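Coordinate-derived values only; no laboratory data. Quick reminder, even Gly has a Cβ in these numbers, built from the backbone with ideal geometry, and neighbours come from all protein chains shown.
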Amino acid sequence: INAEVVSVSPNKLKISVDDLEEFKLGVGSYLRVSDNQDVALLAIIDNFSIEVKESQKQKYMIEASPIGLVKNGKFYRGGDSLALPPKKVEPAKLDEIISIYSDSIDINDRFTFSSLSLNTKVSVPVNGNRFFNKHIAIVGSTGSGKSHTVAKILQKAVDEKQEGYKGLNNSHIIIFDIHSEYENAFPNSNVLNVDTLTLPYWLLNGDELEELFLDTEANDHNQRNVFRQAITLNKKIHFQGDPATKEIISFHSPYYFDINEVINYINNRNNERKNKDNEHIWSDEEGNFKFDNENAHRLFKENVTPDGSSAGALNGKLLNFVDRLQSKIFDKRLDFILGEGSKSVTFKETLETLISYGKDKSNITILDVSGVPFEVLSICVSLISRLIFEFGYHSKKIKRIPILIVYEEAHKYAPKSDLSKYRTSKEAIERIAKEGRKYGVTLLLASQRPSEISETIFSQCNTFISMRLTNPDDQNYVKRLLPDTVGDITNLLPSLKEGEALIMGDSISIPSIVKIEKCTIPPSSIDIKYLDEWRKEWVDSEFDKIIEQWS
Amino acid sequence: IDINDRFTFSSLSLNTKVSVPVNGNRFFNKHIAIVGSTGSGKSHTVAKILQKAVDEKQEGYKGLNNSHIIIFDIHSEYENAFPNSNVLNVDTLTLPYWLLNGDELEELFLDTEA
């Protein structure tokens, strides 16, 4: 009567308020509709309105959305028919808001890293087991502090430990940051950039190893056919294992090979010669032989001279091929993956760095891919993604350790586009998403452009923490891909504050607008302060020093 | 499909309760194509039809039926699949040269280029 619900729809609650000051508050506040005790329905507020009757004081309209009903402290989603035209409205108390989030998850499995935006005092704990074992997607536009949330979750991930022992916990954290953002956020972490990390070229699969050395645009099927052939025979001779395994070895099979002998194989095939017997005869100081699958290993050496007065069938068709590989094998930017240390490294040492079980075991491994060239960025981010998945695949085989692969700027690796330069990372990250949940290898898509991420990869993640999203194309992409929704809270995305997040999913009890805790040590990236350097005087001695290094 | 004609070797993936028979009279008499990349279990699915065709026997007798499947396997992948089968590798199989025609005999022995 004084303040009464006048429209009870199963999705929208429209109530009558005579005066707000006596009623007590903003958009998104929680409302309780119960004049009868022992049961209540909790409704979040959509919007206010004012209808003027022109004969009395104006009545403030409050449209609310029922998020669910509470019975004896237990929150159940849905809208019951117990609501009647004689109902009462008043703001929900702090203890009833607390009971929505506190009672749903047990004390041991609570994982709190934020608080409600409407009321700071109430803290929202997410179900930690359901949050981490399932894939997470943290999308929010630039300037919204998205990387602060990806940090503050991970600082709470390391700090979440068992009470039995204090120290380095069970987890493992791998971050693929391009902006070098999380160096300051985790100072005790193990950081690997191009100058120290040495990936092996032979661990690349068939899809990965083709695009590292070739391009699909300027290479025909006959041009690549020797390249699959040349590596395949080089794999078997360097294979020191049992002969009962070597027949399964192919170009897709990750076994060690020497790339420089493959270059000599391509270069020698560029200079192949036909004799009077019409056979690719070959000459070296050890003897005289013909080109065959048995005697192809002595072709791999450099000191092989062609003999014959007539050219071969595949002669001269590989000079463009070998020079393409010749440029990459001494490309100084590709020294981390085709260098001398890549031949000398082992698979044990390769996985000892990415997992970081070395001299300084740390929870968090940072793979700074800023120095990686952009044409091969989608390959190193694909090789490591497969390697941790293969580590996760074989960790349960030797046990018959969850690893979070944080993908900073995840749309750069896994885009909606189907271009061949992003082909390697998109299908490998799909294997992390679709399959790796049961092997313990779980991911974290952190990106400021969610709409560039492919839908298949993005939808698999079921817990959706979102900061301010204000690009209209980004908003329509995320709001279409939602597993759950509450009426007027997805429209609040461009109006979110700094550090204020929207987190939904089956881990959290109810979708809500939360405020992530402020980072004591924020993920600040050290950059070239352009206006600070440009304000200084003209540096002239430093130009001569650069060219000498270049030369 | 008639009762004597039904040849079930699989079940629906979206509903495993229902069995999916094929017209086995029209299944084998017209040519079959099994297609799938490595690691897809295609060798298991290829073998499964061949066990079921072998086990497809009339109840009036106990023993061998009239199954005749000849396998050109290049990866040596179904030697362990069928224990009652005969495997003929190179030291046991014997191929006469005189049964080759002149088109095969020219390629096996000589080269026209030299």
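Spatially, region A:1-61 and region A:146-185 are offset by 43 Å when compared through their Cα centroids. Taking every C-alpha pair closer than 8 Å and separated by at least 6 residues, the mean separation divided by the residue count of region A:55-165 gives a relative contact order of 15 percent. Once you reduce region A:229-262 and region A:99-124 to the center of their Cα atoms, the two points are 55 Å from each other.
The A:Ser250 and A:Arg437 beta-carbon pair, evaluated with R₀ = 35 Å, returns a calculated FRET efficiency of approximately 0.75.
Loop-located trypsin sites (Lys or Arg not before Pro) across region A:134-185 with a Cβ neighbour count of 12 or fewer within 10 Å are A:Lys166, with loop assigned by DSSP.
Please say if region A:334-459 is rounded, prolate or oblate, where rounded means a/c under 1.5 for a ≥ b ≥ c the square roots of the C-alpha gyration tensor eigenvalues, and otherwise the choice is prolate for a/b larger than b/c and oblate otherwise?
Taking the square roots of the gyration eigenvalues as a ≥ b ≥ c, region A:334-459 is oblate.
Across region A:426-524, Cα pairs under 8 Å and at least six residues apart give a relative contact order of 24 percent. Sparsely packed loop sites in region A:105-193 (the GluC sites (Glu not before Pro) outside DSSP H, G, I, E and B with at most 12 other Cβ atoms within 10 Å) comprise A:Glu163.
Dipole magnitude for the protein assembly as shown: about 2440 debye, using +1 per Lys or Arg Cβ and -1 per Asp or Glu Cβ, origin at the Cα centre. Between B:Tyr61 and B:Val20, the contour length at 0.36 nm per residue exceeds the alpha carbon distance by 12.1 nm.
Nothing charged except the Cβ atoms of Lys and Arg (+1) and of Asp and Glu (-1): what's the magnitude of the dipole of region A:93-200 about its Cα centre? Round to the nearest 20 debye.
160
Model label sites at B:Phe28 and A:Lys332, defined 7 Å from Cα along the beta-carbon direction, differ in position by 7.0 nm. Identify, among A:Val89, A:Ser147, A:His172, the residue whose Cα sits farthest towards the positive end of the charge dipole of region A:76-173, taking +1 on the Cβ of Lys and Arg and -1 on the Cβ of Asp and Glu, with the dipole about the Cα centre. Most positive-ward Cα: A:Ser147.
Pulled fully out, how much extra length does the chain show between A:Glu217 and A:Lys53, if you take 0.36 nm times their separation in residues and subtract their Cα-Cα distance?
So the extension gain works out to 51.9 nm.
Model label sites at B:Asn80 and A:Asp473, defined 7 Å from Cα along the beta-carbon direction, differ in position by 5.3 nm. With a ≥ b ≥ c taken as the square roots of the eigenvalues of the C-alpha gyration tensor of region A:106-201, please select rounded if a/c is under 1.5 and otherwise prolate if a/b is larger than b/c or oblate if it is not? Judged from the Cα gyration tensor, region A:106-201 comes out oblate (a/c at least 1.5, b/c at or above a/b). Taken about its Cα centre, chain B carries a charge dipole of roughly 1100 debye when the Cβ of each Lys and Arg holds +1 and the Cβ of each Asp and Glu holds -1. Rounded to the nearest 0.05, the FRET efficiency derived from the C-beta distance between A:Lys399 and B:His44 at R0 = 30 Å is 0.70. Which of rounded, prolate or oblate describes the protein assembly as shown when judged by the alpha-carbon gyration tensor and an a/c cut-off of 1.5? Verdict is oblate for the protein assembly as shown. Pairs of Cα atoms nearer than 8 Å and 6+ residues apart set the relative contact order; for chain B it is 14 percent. Tell me which of A:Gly339, A:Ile355, A:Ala410 sits at the most positive position along the dipole axis of region A:329-462, charges placed on C-beta atoms (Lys, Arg +1; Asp, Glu -1). Of the listed residues, the answer is A:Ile355. Among B:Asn23, B:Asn80, B:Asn101, the residue with the largest mean-square fluctuation in a Gaussian network model of chain B, with springs joining Cα atoms closer than 10 Å, is B:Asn101. Ellipticity at 222 nm from helices only: DSSP H runs of n ≥ 4 in chain A, each -39500 (n - 2.57), divided by the residue count, give -9000 deg cm²/dmol. Hey, with R₀ at 56 Å, roughly what FRET efficiency would A:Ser309 and A:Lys361 work out to, going by the Cβ-Cβ distance, to 0.05? Here the calculated transfer efficiency is 0.30. Along chain B, the longest continuous region that contains none of the trypsin sites (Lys or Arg not before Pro) in a DSSP loop with at most 10 other C-beta atoms within 10 Å is B:63-114. Simple rule: put +1 on each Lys or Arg Cβ and -1 on each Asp or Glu Cβ in region A:184-260, find the dipole, and look at A:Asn260, A:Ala244, A:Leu214; the Cα lying farthest toward the positive end is A:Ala244. Please check which bits of region A:228-250 a label hung off B:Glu113 would reach, taking the label as a point 7 Å along Cα-to-C-beta and the cut-off as backbone N under 19 Å. Hits in region A:228-250 for B:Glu113 at 19 Å: A:229-230.
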